[PDB]
>>> print(open('run_8.tsv').read())   # TSV, N, CA and C atoms
chain	number	residue	atom	x	y	z
A	1	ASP	N	12.14	9.28	-6.19
A	1	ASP	CA	10.76	8.79	-6.06
A	1	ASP	C	10.04	9.72	-5.12
A	2	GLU	N	8.84	9.34	-4.69
A	2	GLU	CA	8.00	10.06	-3.73
A	2	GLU	C	6.61	9.44	-3.67
A	3	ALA	N	6.16	8.84	-4.77
A	3	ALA	CA	4.86	8.19	-4.85
A	3	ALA	C	4.76	7.00	-3.90
A	4	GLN	N	5.75	6.12	-3.87
A	4	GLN	CA	5.81	5.01	-2.92
A	4	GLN	C	5.51	5.42	-1.46
A	5	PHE	N	5.90	6.64	-1.09
A	5	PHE	CA	5.62	7.27	0.20
A	5	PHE	C	4.26	7.97	0.15
A	6	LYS	N	3.91	8.74	-0.90
A	6	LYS	CA	2.60	9.40	-1.06
A	6	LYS	C	1.46	8.41	-0.95
A	7	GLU	N	1.69	7.16	-1.32
A	7	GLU	CA	0.74	6.09	-1.15
A	7	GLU	C	0.68	5.64	0.29
A	8	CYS	N	1.81	5.55	0.98
A	8	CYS	CA	1.84	5.19	2.38
A	8	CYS	C	1.23	6.29	3.21
A	9	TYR	N	1.51	7.55	2.96
A	9	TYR	CA	0.94	8.69	3.66
A	9	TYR	C	-0.57	8.76	3.48
A	10	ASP	N	-1.04	8.74	2.23
A	10	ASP	CA	-2.46	8.78	1.89
A	10	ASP	C	-3.20	7.58	2.49
A	11	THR	N	-2.68	6.39	2.19
A	11	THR	CA	-3.23	5.12	2.65
A	11	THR	C	-3.14	5.00	4.17
A	12	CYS	N	-2.02	5.37	4.77
A	12	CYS	CA	-1.84	5.43	6.21
A	12	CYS	C	-2.91	6.34	6.78
A	13	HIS	N	-3.16	7.52	6.20
A	13	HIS	CA	-4.22	8.43	6.63
A	13	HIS	C	-5.58	7.77	6.65
A	14	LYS	N	-5.88	6.92	5.67
A	14	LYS	CA	-7.09	6.11	5.65
A	14	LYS	C	-7.23	5.24	6.90
A	15	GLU	N	-6.28	4.33	7.14
A	15	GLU	CA	-6.23	3.54	8.38
A	15	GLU	C	-5.93	4.41	9.62
A	16	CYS	N	-5.56	5.68	9.43
A	16	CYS	CA	-5.23	6.58	10.49
A	16	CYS	C	-6.50	7.16	11.05
A	17	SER	N	-7.26	7.91	10.24
A	17	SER	CA	-8.56	8.46	10.61
A	17	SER	C	-9.49	7.38	11.17
A	18	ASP	N	-9.31	6.11	10.78
A	18	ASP	CA	-9.99	4.95	11.38
A	18	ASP	C	-9.88	4.92	12.90
A	19	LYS	N	-8.73	5.33	13.46
A	19	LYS	CA	-8.53	5.46	14.89
A	19	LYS	C	-9.50	6.44	15.53
A	20	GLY	N	-10.21	7.23	14.72
A	20	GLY	CA	-11.18	8.24	15.10
A	20	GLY	C	-10.51	9.55	15.49
A	21	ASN	N	-9.20	9.64	15.28
A	21	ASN	CA	-8.42	10.85	15.49
A	21	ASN	C	-8.75	11.93	14.45
A	22	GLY	N	-8.11	13.08	14.61
A	22	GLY	CA	-8.24	14.18	13.66
A	22	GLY	C	-7.33	14.01	12.46
A	23	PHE	N	-7.69	14.66	11.36
A	23	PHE	CA	-6.94	14.63	10.11
A	23	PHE	C	-5.53	15.16	10.30
A	24	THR	N	-5.40	16.39	10.79
A	24	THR	CA	-4.12	17.06	11.03
A	24	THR	C	-3.18	16.19	11.84
A	25	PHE	N	-3.60	15.78	13.04
A	25	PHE	CA	-2.81	14.90	13.88
A	25	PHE	C	-2.47	13.61	13.14
A	26	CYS	N	-3.40	13.10	12.35
A	26	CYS	CA	-3.17	11.96	11.52
A	26	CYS	C	-2.09	12.22	10.51
A	27	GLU	N	-2.00	13.41	9.94
A	27	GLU	CA	-0.96	13.83	9.02
A	27	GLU	C	0.39	13.83	9.68
A	28	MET	N	0.61	14.69	10.68
A	28	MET	CA	1.88	14.78	11.41
A	28	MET	C	2.36	13.42	11.93
A	29	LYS	N	1.41	12.50	12.13
A	29	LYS	CA	1.67	11.14	12.52
A	29	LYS	C	1.95	10.25	11.33
A	30	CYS	N	1.02	10.04	10.40
A	30	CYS	CA	1.20	9.33	9.14
A	30	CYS	C	2.48	9.73	8.41
A	31	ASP	N	2.93	10.97	8.62
A	31	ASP	CA	4.19	11.50	8.13
A	31	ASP	C	5.36	10.72	8.69
A	32	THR	N	5.50	10.78	10.01
A	32	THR	CA	6.53	10.03	10.71
A	32	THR	C	6.21	8.53	10.75
A	33	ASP	N	4.96	8.11	10.52
A	33	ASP	CA	4.53	6.71	10.53
A	33	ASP	C	5.33	5.92	9.51
A	34	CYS	N	5.08	6.21	8.22
A	34	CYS	CA	5.74	5.52	7.13
A	34	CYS	C	7.12	6.13	6.90
A	35	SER	N	7.94	6.10	7.92
A	35	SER	CA	9.27	6.66	7.95
A	35	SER	C	9.93	6.37	9.30
A	36	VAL	N	11.24	6.19	9.30
A	36	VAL	CA	12.02	6.00	10.52
A	36	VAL	C	12.26	7.35	11.19
A	37	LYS	N	12.99	7.34	12.30
A	37	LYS	CA	13.36	8.53	13.06
A	37	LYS	C	14.33	8.16	14.17
A	38	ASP	N	14.34	8.95	15.24
A	38	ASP	CA	15.17	8.75	16.41
A	38	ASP	C	14.35	8.99	17.66
A	39	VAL	N	14.25	7.97	18.51
A	39	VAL	CA	13.51	8.01	19.77
A	39	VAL	C	14.24	7.07	20.70
A	40	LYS	N	15.25	7.61	21.40
A	40	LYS	CA	15.97	6.86	22.43
A	40	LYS	C	14.98	6.17	23.37
A	41	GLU	N	15.40	5.03	23.90
A	41	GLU	CA	14.54	4.24	24.79
A	41	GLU	C	14.07	5.08	25.98
A	42	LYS	N	13.08	4.57	26.70
A	42	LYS	CA	12.57	5.23	27.88
A	42	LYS	C	13.09	4.46	29.08
A	43	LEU	N	14.29	4.82	29.53
A	43	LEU	CA	14.87	4.25	30.74
A	43	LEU	C	13.85	4.30	31.89
A	44	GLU	N	14.01	3.39	32.83
A	44	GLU	CA	13.11	3.28	33.96
A	44	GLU	C	13.82	2.57	35.10
A	45	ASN	N	13.11	2.43	36.21
A	45	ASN	CA	13.58	1.77	37.42
A	45	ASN	C	12.56	1.94	38.54
A	46	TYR	N	12.70	1.11	39.56
A	46	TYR	CA	11.76	1.04	40.67
A	46	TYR	C	12.50	0.58	41.92
A	47	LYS	N	11.78	0.58	43.04
A	47	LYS	CA	12.31	0.11	44.32
A	47	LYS	C	11.42	-1.01	44.86
A	48	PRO	N	11.55	-2.22	44.31
A	48	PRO	CA	10.78	-3.36	44.78
A	48	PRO	C	11.24	-3.68	46.20
A	49	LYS	N	10.26	-3.96	47.08
A	49	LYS	CA	10.53	-4.40	48.44
A	49	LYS	C	11.53	-5.57	48.43
A	50	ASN	N	12.11	-5.86	49.60
A	50	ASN	CA	13.01	-7.00	49.76
A	50	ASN	C	12.43	-8.33	49.23
>>> encode(input="run_8.tsv", output="structure tokens")
Amino acid sequence: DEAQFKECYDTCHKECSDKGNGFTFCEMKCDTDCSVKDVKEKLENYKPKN
């Protein structure tokens, strides 16, 4: 297949440019948007007073 995604990419771009962002950035985003990936959590920590 590929159309099921070409519709998500194209359609995502529609709701994407709505953000008022640029087309290109919307592409590289809409690309990874309608698709999974790998992004390990963002570990954190602090030093709260006693």
>>> atom_distance(input="run_8.tsv", atom1="atom N of residue 5 of chain A", atom2="atom C of residue 20 of chain A")
23.5 Å
>>> closest_residue(input="run_8.tsv", among="A:3, A:30, A:43, A:36", to="residue 15 of chain A", atoms="only C-alpha atoms")
A:30
>>> select_by_dssp(input="run_8.tsv", residues="chain A", states="alpha helix (DSSP H)", output="PDB file with N, CA and C atoms, in the coordinates of the input")
ATOM      1  N   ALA A   3       6.160   8.840  -4.770  1.00  0.00           N
ATOM      2  CA  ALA A   3       4.860   8.190  -4.850  1.00  0.00           C
ATOM      3  C   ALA A   3       4.760   7.000  -3.900  1.00  0.00           C
ATOM      4  N   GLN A   4       5.750   6.120  -3.870  1.00  0.00           N
ATOM      5  CA  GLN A   4       5.810   5.010  -2.920  1.00  0.00           C
ATOM      6  C   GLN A   4       5.510   5.420  -1.460  1.00  0.00           C
ATOM      7  N   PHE A   5       5.900   6.640  -1.090  1.00  0.00           N
ATOM      8  CA  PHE A   5       5.620   7.270   0.200  1.00  0.00           C
ATOM      9  C   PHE A   5       4.260   7.970   0.150  1.00  0.00           C
ATOM     10  N   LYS A   6       3.910   8.740  -0.900  1.00  0.00           N
ATOM     11  CA  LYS A   6       2.600   9.400  -1.060  1.00  0.00           C
ATOM     12  C   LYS A   6       1.460   8.410  -0.950  1.00  0.00           C
ATOM     13  N   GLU A   7       1.690   7.160  -1.320  1.00  0.00           N
ATOM     14  CA  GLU A   7       0.740   6.090  -1.150  1.00  0.00           C
ATOM     15  C   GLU A   7       0.680   5.640   0.290  1.00  0.00           C
ATOM     16  N   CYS A   8       1.810   5.550   0.980  1.00  0.00           N
ATOM     17  CA  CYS A   8       1.840   5.190   2.380  1.00  0.00           C
ATOM     18  C   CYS A   8       1.230   6.290   3.210  1.00  0.00           C
ATOM     19  N   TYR A   9       1.510   7.550   2.960  1.00  0.00           N
ATOM     20  CA  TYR A   9       0.940   8.690   3.660  1.00  0.00           C
ATOM     21  C   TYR A   9      -0.570   8.760   3.480  1.00  0.00           C
ATOM     22  N   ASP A  10      -1.040   8.740   2.230  1.00  0.00           N
ATOM     23  CA  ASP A  10      -2.460   8.780   1.890  1.00  0.00           C
ATOM     24  C   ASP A  10      -3.200   7.580   2.490  1.00  0.00           C
ATOM     25  N   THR A  11      -2.680   6.390   2.190  1.00  0.00           N
ATOM     26  CA  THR A  11      -3.230   5.120   2.650  1.00  0.00           C
ATOM     27  C   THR A  11      -3.140   5.000   4.170  1.00  0.00           C
ATOM     28  N   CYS A  12      -2.020   5.370   4.770  1.00  0.00           N
ATOM     29  CA  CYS A  12      -1.840   5.430   6.210  1.00  0.00           C
ATOM     30  C   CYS A  12      -2.910   6.340   6.780  1.00  0.00           C
ATOM     31  N   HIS A  13      -3.160   7.520   6.200  1.00  0.00           N
ATOM     32  CA  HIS A  13      -4.220   8.430   6.630  1.00  0.00           C
ATOM     33  C   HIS A  13      -5.580   7.770   6.650  1.00  0.00           C
ATOM     34  N   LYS A  14      -5.880   6.920   5.670  1.00  0.00           N
ATOM     35  CA  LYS A  14      -7.090   6.110   5.650  1.00  0.00           C
ATOM     36  C   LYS A  14      -7.230   5.240   6.900  1.00  0.00           C
ATOM     37  N   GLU A  15      -6.280   4.330   7.140  1.00  0.00           N
ATOM     38  CA  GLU A  15      -6.230   3.540   8.380  1.00  0.00           C
ATOM     39  C   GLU A  15      -5.930   4.410   9.620  1.00  0.00           C
ATOM     40  N   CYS A  16      -5.560   5.680   9.430  1.00  0.00           N
ATOM     41  CA  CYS A  16      -5.230   6.580  10.490  1.00  0.00           C
ATOM     42  C   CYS A  16      -6.500   7.160  11.050  1.00  0.00           C
ATOM     43  N   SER A  17      -7.260   7.910  10.240  1.00  0.00           N
ATOM     44  CA  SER A  17      -8.560   8.460  10.610  1.00  0.00           C
ATOM     45  C   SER A  17      -9.490   7.380  11.170  1.00  0.00           C
ATOM     46  N   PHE A  23      -7.690  14.660  11.360  1.00  0.00           N
ATOM     47  CA  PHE A  23      -6.940  14.630  10.110  1.00  0.00           C
ATOM     48  C   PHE A  23      -5.530  15.160  10.300  1.00  0.00           C
ATOM     49  N   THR A  24      -5.400  16.390  10.790  1.00  0.00           N
ATOM     50  CA  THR A  24      -4.120  17.060  11.030  1.00  0.00           C
ATOM     51  C   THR A  24      -3.180  16.190  11.840  1.00  0.00           C
ATOM     52  N   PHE A  25      -3.600  15.780  13.040  1.00  0.00           N
ATOM     53  CA  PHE A  25      -2.810  14.900  13.880  1.00  0.00           C
ATOM     54  C   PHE A  25      -2.470  13.610  13.140  1.00  0.00           C
ATOM     55  N   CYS A  26      -3.400  13.100  12.350  1.00  0.00           N
ATOM     56  CA  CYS A  26      -3.170  11.960  11.520  1.00  0.00           C
ATOM     57  C   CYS A  26      -2.090  12.220  10.510  1.00  0.00           C
ATOM     58  N   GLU A  27      -2.000  13.410   9.940  1.00  0.00           N
ATOM     59  CA  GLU A  27      -0.960  13.830   9.020  1.00  0.00           C
ATOM     60  C   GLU A  27       0.390  13.830   9.680  1.00  0.00           C
ATOM     61  N   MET A  28       0.610  14.690  10.680  1.00  0.00           N
ATOM     62  CA  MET A  28       1.880  14.780  11.410  1.00  0.00           C
ATOM     63  C   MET A  28       2.360  13.420  11.930  1.00  0.00           C
ATOM     64  N   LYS A  29       1.410  12.500  12.130  1.00  0.00           N
ATOM     65  CA  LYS A  29       1.670  11.140  12.520  1.00  0.00           C
ATOM     66  C   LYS A  29       1.950  10.250  11.330  1.00  0.00           C
ATOM     67  N   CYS A  30       1.020  10.040  10.400  1.00  0.00           N
ATOM     68  CA  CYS A  30       1.200   9.330   9.140  1.00  0.00           C
ATOM     69  C   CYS A  30       2.480   9.730   8.410  1.00  0.00           C
ATOM     70  N   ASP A  31       2.930  10.970   8.620  1.00  0.00           N
ATOM     71  CA  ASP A  31       4.190  11.500   8.130  1.00  0.00           C
ATOM     72  C   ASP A  31       5.360  10.720   8.690  1.00  0.00           C
ATOM     73  N   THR A  32       5.500  10.780  10.010  1.00  0.00           N
ATOM     74  CA  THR A  32       6.530  10.030  10.710  1.00  0.00           C
ATOM     75  C   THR A  32       6.210   8.530  10.750  1.00  0.00           C
ATOM     76  N   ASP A  33       4.960   8.110  10.520  1.00  0.00           N
ATOM     77  CA  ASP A  33       4.530   6.710  10.530  1.00  0.00           C
ATOM     78  C   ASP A  33       5.330   5.920   9.510  1.00  0.00           C
TER      79      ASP A  33
END
>>> atom_distance(input="run_8.tsv", atom1="atom N of residue 31 of chain A", atom2="atom N of residue 14 of chain A")
10.1 Å
>>> atom_distance(input="run_8.tsv", atom1="atom CA of residue 13 of chain A", atom2="atom CA of residue 28 of chain A")
10.0 Å
